Amino acid sequence: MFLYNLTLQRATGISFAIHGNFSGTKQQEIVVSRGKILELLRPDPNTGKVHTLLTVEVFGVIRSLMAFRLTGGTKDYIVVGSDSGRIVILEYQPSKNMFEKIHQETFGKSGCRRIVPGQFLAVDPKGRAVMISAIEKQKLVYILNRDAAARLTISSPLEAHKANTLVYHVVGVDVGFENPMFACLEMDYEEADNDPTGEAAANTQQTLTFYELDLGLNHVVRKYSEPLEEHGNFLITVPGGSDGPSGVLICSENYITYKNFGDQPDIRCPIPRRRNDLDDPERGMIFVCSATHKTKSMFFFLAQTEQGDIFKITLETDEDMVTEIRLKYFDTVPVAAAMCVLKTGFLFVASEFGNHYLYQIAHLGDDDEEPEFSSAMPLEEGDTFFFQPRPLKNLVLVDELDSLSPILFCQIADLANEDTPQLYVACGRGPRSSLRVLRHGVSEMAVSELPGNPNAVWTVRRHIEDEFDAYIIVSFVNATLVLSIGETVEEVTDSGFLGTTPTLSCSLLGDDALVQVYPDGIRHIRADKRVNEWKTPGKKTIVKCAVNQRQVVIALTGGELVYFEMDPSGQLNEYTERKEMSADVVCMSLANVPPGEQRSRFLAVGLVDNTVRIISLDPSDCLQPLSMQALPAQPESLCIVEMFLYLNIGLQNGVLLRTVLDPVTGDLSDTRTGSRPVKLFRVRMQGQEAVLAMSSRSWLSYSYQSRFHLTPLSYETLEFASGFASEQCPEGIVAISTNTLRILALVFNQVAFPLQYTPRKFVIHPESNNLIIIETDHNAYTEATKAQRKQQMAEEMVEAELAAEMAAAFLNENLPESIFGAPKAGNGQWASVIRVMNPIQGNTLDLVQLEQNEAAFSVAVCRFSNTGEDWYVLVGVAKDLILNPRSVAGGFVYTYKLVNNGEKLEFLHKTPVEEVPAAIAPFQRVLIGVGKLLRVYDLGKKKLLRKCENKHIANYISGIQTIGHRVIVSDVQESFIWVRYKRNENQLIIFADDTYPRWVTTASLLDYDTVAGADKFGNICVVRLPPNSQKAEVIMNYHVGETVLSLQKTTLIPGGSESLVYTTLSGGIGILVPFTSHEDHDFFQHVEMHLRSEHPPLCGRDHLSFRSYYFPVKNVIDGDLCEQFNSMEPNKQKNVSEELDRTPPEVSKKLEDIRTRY
Amino acid sequence: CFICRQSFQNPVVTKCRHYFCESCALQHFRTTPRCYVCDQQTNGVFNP
Amino acid sequence: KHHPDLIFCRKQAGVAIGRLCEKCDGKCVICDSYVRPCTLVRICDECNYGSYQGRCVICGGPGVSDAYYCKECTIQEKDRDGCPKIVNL
Amino acid sequence: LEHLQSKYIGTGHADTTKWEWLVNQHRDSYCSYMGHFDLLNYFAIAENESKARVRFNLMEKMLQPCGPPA
Ligand SMILES: [Zn+2]
Ligand SMILES: [Zn+2]
Ligand SMILES: [Zn+2]
């Protein structure tokens, strides 16, 4: 059916990063774009933690994104050239926290084609022009100046479509107020095709062509052309004018050639290699990430080598020519995809795998514990300054935001005791690899509990000035406890509210005298336990407490409320003015007083005669209940809270009645919510007040801006409800159960257990039920290969003095993966490590090692086919595992006994094969698919005996799902082909063929004839077989926009609908729910048709283009577009509700029902 | 209370388009899942 | 309603806005339909600037209204194809 | 036909060679792998390779598609 797909987890890996003054002020907004979504942060850099200022979804992939400011422009407009031809230039207004489109320049057809410009987009330093170019034979320079109102004075772009001129790197040079220029590394590829022997293909060389665009002539011509024999992998441009020379540093293998367009010297700064680097010398040190951090006059250049160490470079050019660039390794840096170093302690390093680092500057940036390799520093033309892994003395990484990308493997189960299931995403590369197990519950960022289950847990602080709850009085009838609200709440004797008796209320109502409603009455209790306990009205205990800033109405049985008024000393003294309600007041609350008001305008108590009596708390009008919020049923509580204000009586039944909390009596409208008595009081959730209808279905009448709406929350089950304010979040809903508090964000705890190699396949043992995963870091030096290379380097450099000690230090400690980058090289070399993490503990209870050229292709620890139900693990290791080109020695399928019921990876024996057996499953024997050959062999511990082997497959076997005498296998060509594997007949005949050609990388059996496939282009297609050389019909199809790693048709959330959970390699996780409700599907289709007209996509490619970029979309409903329509503005929401012929609150209720349907 | 034809105060309508009071809607929600209009799916709506 | 001759520019559209006369008003500039005119026409050059100022980007009448691409043409995104103002050859 | 369509990428006739069409398809595949963010990430995180090294490999493979012609 139709699939209302919603992404539960956003993609964590940032596809691009920009920074600058994009917030319109001195707050340097930095936007990390994760593909279709971009999060911009312009918070305080002295906080040390990243806080995103805005988030924008464009429904498209940006081919090239940048952020540049005009001449005099304090706001850096972001220019994004997407796959579509609408290159969007938008000035970002942080007042609306959104980028208003100044222009949407149309260029051409959708997709980043070879001739579709916008693959490389840059801007001039004066903000006068923007150049967008394709891979080859297409370039454009749009003259976008500043208008009279500082608007986009855009023009038609000058075309620089030079034939077969591939631009390796293009950068707009800083020309100041003169005519600007742009340098592109053009390479004439026409001579390569002209020479049929490839002689001109070998003799071709790049040329940095700096083309100057005369704006007065309105024409761009190639001004300078510096040819380089070495190809330019990347280039960094020195800023001209007062910021330095107008030069560029083209990077190569241990050579950054800095030169300017004119009489300048080509200063070849050598990239400083590590002192006795254990990595091989084939990996030349090039500037993978470069960032020019500029001061008021000069500019330092932080660059990362092939090892990736952060090397700060000075500039002793002396305004004549490029002479010296003192590249000293200031700090050892981790595996980062990019690095941008702004000012005021901001240095955002986006990690390809692991944690992206935001750093604060400590030293001046030149604090290098390693050697310095200047451009004027001479050498022997064979190495550089031996700059080893230095300590981080220049700056400190103040934030390390862990990203799930690249999420290779996944294992989601509710094995652990948590409010939501733990999903372990195995991710990362090499030693910098971990499995992050995340469990929600629904913001379970931190775990904290109040001390016991007391009568009330309220902040009876030292005074009113104590904003943090240093002593929240969790006071019961037996005793009292003091809890610290810092997610470290426990029991202590520092509450001071005299809660040895039953303290019903204990909160700092006065300036320093906390009001405590207790059986003694109303007590003014100080920072210590000095409670002046005046009597309440009557000798009974304080049943209700309408506490305000000045007068606290302590109401006993019969509704008699004694007014503990504030004296001149700040204490609460019980005055003689007391009024009785209709019956016994159950619970009370007082609305907040104004700044000129002497006391509260309305304090309301919920009597037992189905009413809430509200009186003025001022001493001139005390004990005068005017407003009567008459409850519909017998009221269990009252809450008289601001936003005029609302005074509500909540009942034990399903009706709570709210009226106007004022001197005039309002209309008691009774709204509905779990068969429990209500405990409506003051709560905090997203800056809006609420009254908690305490029930099993814990609803909150949120009175946001004089309108109370009651609904439940998406947390775990409970019986009561209250507010929540701790170190995890500032305001939330605590569904209070019996010694439990379900968190509602009106966040998942993730623990990352490390792995030895890059993670390949996460499997579970049959007997242990524990994660026996296999990690394969192929095309790199292994752990055993790295130890052997370290010992070989020790034996090589021991021949000398101090060189033998340096050799021993290089053997003991190389460049680390988390410190200075992993020293690893080779093509056929491959690390394989089978780590058996426990079912509860992420630490590996077993380690199995393979050959140094062998990659663990698959992990499968289950019961053996030849043996009984004992877990025998079949682990395939492909030796000499080289990816590009096709080079592998062979697949050794090690059969392992899996000792301690799988907790010890004891390898029994192995069975070799020439091909790679990437699939090994049980088939009624065991089907092992070694490429195009699938053999049914006995799964013995010693050796396998094959019976029937079929080599009729096309390319390979990516993965086969078996549904009983039929297995559908994915291939590089076919998405899914179903062969009826009759193991009783010892044969396999293809009962279903394939017509759609797709390199499907995932498999999921939704039914006995439904097979899902996640293609290499990032399209999820669910194909059902036809009833009774015939293909299966693709019932559903969508394009997610990213390559989905795994997919499984299963109910991922707790209960709800049997959706399909898909995990992508970018860190995204989504649930596609098959909506069987045709009326709800038609309502969602009408809402999407309204939303596609109301809210346009910012990339220029529509949501239809995003969902049908590769293959056409079918049977999918866009819950992301439904969330965008919910996130639309108020007038646009009213227009969308008129277009869908409904209400905006009804559409929001339908979206909340779709979210709760899971 | 259209059958009783009494005084109308604090009006509230259920999901089956039955117009009554707020306390009458509470009594109907506590009594039955269906309203008194045509026994339609009111689902105990004691809402304003 | 079209002709095998009379190509327009096949030049990439810029800031010069298209402009329709009354004699062929309301039609699409490409397929000459009338269903959901969505995207404004840009005519890439001196097709607006200069002698052909406020003129038809079709047959040649006095151009009075903004020429629009229809949503059927922008379904295949023919709006990015370039200038549709006819140059006689 | 059109002169700009002949100047556009993908112009071909019956006189166009199969090896020339395969070279243009390989150049377009390298350009598409350079343009796609997810495909470049999948090609880069497959091995211990850098993004700039993968971009240099794609720029080399653009010429290598016309590298050994007929
Ligand atoms: Zn049309
Ligand atoms: Zn006309
Ligand atoms: Zn034109």
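Residue numbering: from 1, along the chain as shown.
The backbone N, Cα and C atoms fix where each Cβ goes, and this holds for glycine too.
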Which listed span Swiss-Prot calls region 'Interaction with SF3B1 and SF3B5', if the choices are A:760-778, A:779-797, A:969-987: A:760-778
Given ranges A:15-29, A:105-119, A:525-539, A:1140-1154, the stretch to which Swiss-Prot attaches the annotation region 'Interaction with PHF5A, SF3B1 and SF3B5': A:105-119
Of A:401-422, A:599-620, A:995-1016, the range Swiss-Prot labels region 'Interaction with SF3B1': A:995-1016
Where Swiss-Prot places region 'Interaction with PHF5A, SF3B1 and SF3B5' among the ranges A:145-168, A:553-576, A:817-840, A:1105-1128: A:145-168
Stated Swiss-Prot location of region 'Interaction with SF3B5', expressed as one of A:443-466, A:899-922, A:1043-1066: A:1043-1066
Separation of alpha carbons, A:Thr1143 (phosphothreonine) and A:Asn955 (site 'Interaction with SF3B1') (Å): 54
Considering the region 'Interaction with SF3B1 and SF3B5' (A:193-231), which listed stretch of A:105-119, A:145-168, A:760-778, A:995-1016 counts the most C-beta pairs under 8 Å: A:145-168
Among the ranges A:145-168, A:760-778, A:995-1016, the one whose Cβ pairs under 8 Å to the region 'Interaction with PHF5A, SF3B1 and SF3B5' (A:105-119) are most numerous: A:145-168
Same-chain residues at least 6 apart in sequence whose Cβ lies under 8 Å from A:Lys1114 (site 'Interaction with SF3B1'): A:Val1034, A:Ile1035, A:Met1036, A:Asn1037, A:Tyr1038
Long-range Cβ neighbours of the region 'Interaction with PHF5A, SF3B1 and SF3B5' (A:145-168) (under 8 Å; 6 or more residues past either end): 70-73, 77, 89, 91, 102-103, 105, 107, 120, 127-128, 131-133, 135-139, 184-190, 193, 206, 211, 213, 218-220, 231-233
Distant-in-sequence neighbours of the region 'Interaction with SF3B1 and SF3B5' (A:760-778), which means Cβ under 8 A and at least six residues beyond its ends: 408-411, 415, 424, 426, 429-430, 433, 435, 824, 830-839, 845-846, 855-863, 869-871, 873, 875, 881-883, 898, 900-903, 905
A:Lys1114 (site 'Interaction with SF3B1') in three-state DSSP notation: strand
Distance, A:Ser156 (phosphoserine) to A:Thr1143 (phosphothreonine) (CA atoms, angstrom): 44
Those modified residues listed as A:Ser156, A:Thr1143, and which of them has the most Cβ atoms within 10 Å of its own Cβ: A:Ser156
Three-state composition of the region 'Interaction with PHF5A, SF3B1 and SF3B5' (A:145-168), taking helix and strand from DSSP: 0 helix, 10 strand, 14 coil
Near-C candidates in A:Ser156, A:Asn955, A:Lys1114, the recorded positions, by Cβ under 8 Å: A:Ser156
